[PDB]
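Undergrad: Please find the sequence and an experimentally derived structure below.
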Amino acid sequence: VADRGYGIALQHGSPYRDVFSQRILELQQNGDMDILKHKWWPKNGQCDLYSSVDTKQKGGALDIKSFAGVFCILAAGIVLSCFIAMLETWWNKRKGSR
Amino acid sequence: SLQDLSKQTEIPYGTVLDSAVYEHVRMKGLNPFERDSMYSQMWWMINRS
């Protein structure tokens, strides 16, 4: 979404207005401007900033953490069976029997 | 295709150091006016270290 851009602002009718524009064109055309930009936005990337596809994995096996919900359902079954067995452990006294 | 090779993740690639191929890639990847993802991601891999 280009052609918008930044620039030096000056007062209305300032006598410098054409002078800085003249010099800025020379910097833009000598290549003196390109050096500063390579200095400040270097492409010697310590990491790749642009390949969004993480390299190693393209599909992968299931694991305990992705499976864990089933273990959690089993644990809920366990705990409910414990609660039932403890209620039975009390109530079978009142039953007096198996 | 080179669109693959310049962007694929698995295979590292390069050429003879300082060669007119190495320079041809540099002159495309760091060009002021040619700006493609292709020659850039070529040069980023090639120029590493």
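TA: That came through, no problem. Numbers count the residues shown, from 1 in each chain, chains lettered A, B, ... in the order given.
Undergrad: who touches the residue in chain B that chain A sits nearest to in this structure?
TA: Across chain B, the shortest distance to chain A (C-beta to the nearest C-beta) belongs to residue B:9, at 3.8 Å. Yep, even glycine has a C-beta here, placed from its N, CA and C like the rest. Residues near residue B:9 by C-beta atoms under 8 Å, 6 or more residues apart in numbering or on different chains: A:51, A:53, A:55.
Undergrad: I'd assumed residue B:7 was in contact with the first one.
TA: To tie it back to what came earlier, the one meant is residue A:51. Yes. With contact defined as C-beta atoms under 8 Å, residue A:51 reaches residue B:7; the gap is 7.2 Å.
Undergrad: Please enumerate the shared neighbours of the two.
TA: In contact with both residue A:51 and residue B:7: residue B:41, using C-beta under 8 Å, 6+ apart.
Undergrad: before we move on, the earlier item: and chain B, which of the contacts of residue B:9 reach it?
TA: A:51, A:53, A:55 (C-beta under 8 Å from any C-beta of the partner chain).
Undergrad: tell me the SS of residue A:8?
TA: Put simply, residue A:8 is coil when judged by DSSP: H, G, I helix; E, B strand; the rest coil.
Undergrad: Give me the nearest residue to it, chain neighbours excluded.
TA: Closest residue to residue A:8 apart from its sequence neighbours, by C-beta to C-beta, 6 or more residues apart in numbering or on different chains: residue A:20 at 5.9 Å.
Undergrad: Quick one: distance of the host helix or strand of the one you found to the chain centre.
TA: According to DSSP states H and E, residue A:20 maps onto helix A:17-30. Relative to the chain's own centre, helix A:17-30 is displaced by 40 Å; criterion: C-alpha atoms, centre = their mean, to the nearest Å.
Undergrad: contacts for it?
TA: Contacts of helix A:17-30 (C-beta under 8 Å, 6+ apart): A:8, A:10, A:32-33.
Undergrad: could the ones next to chain B among the contacts of residue B:9 be laid out in TSV, adding neighbour count and secondary structure?
TA: Shown next, in TSV, are the ones next to chain B among the contacts of residue B:9 (neighbours: other C-beta atoms under 10 Å in any protein chain shown; DSSP: H, G, I helix; E, B strand; the rest coil):
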residue	neighbour count	secondary structure
A:51	14	coil
A:53	9	coil
A:55	10	coil
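Undergrad: Noted, bye for now.
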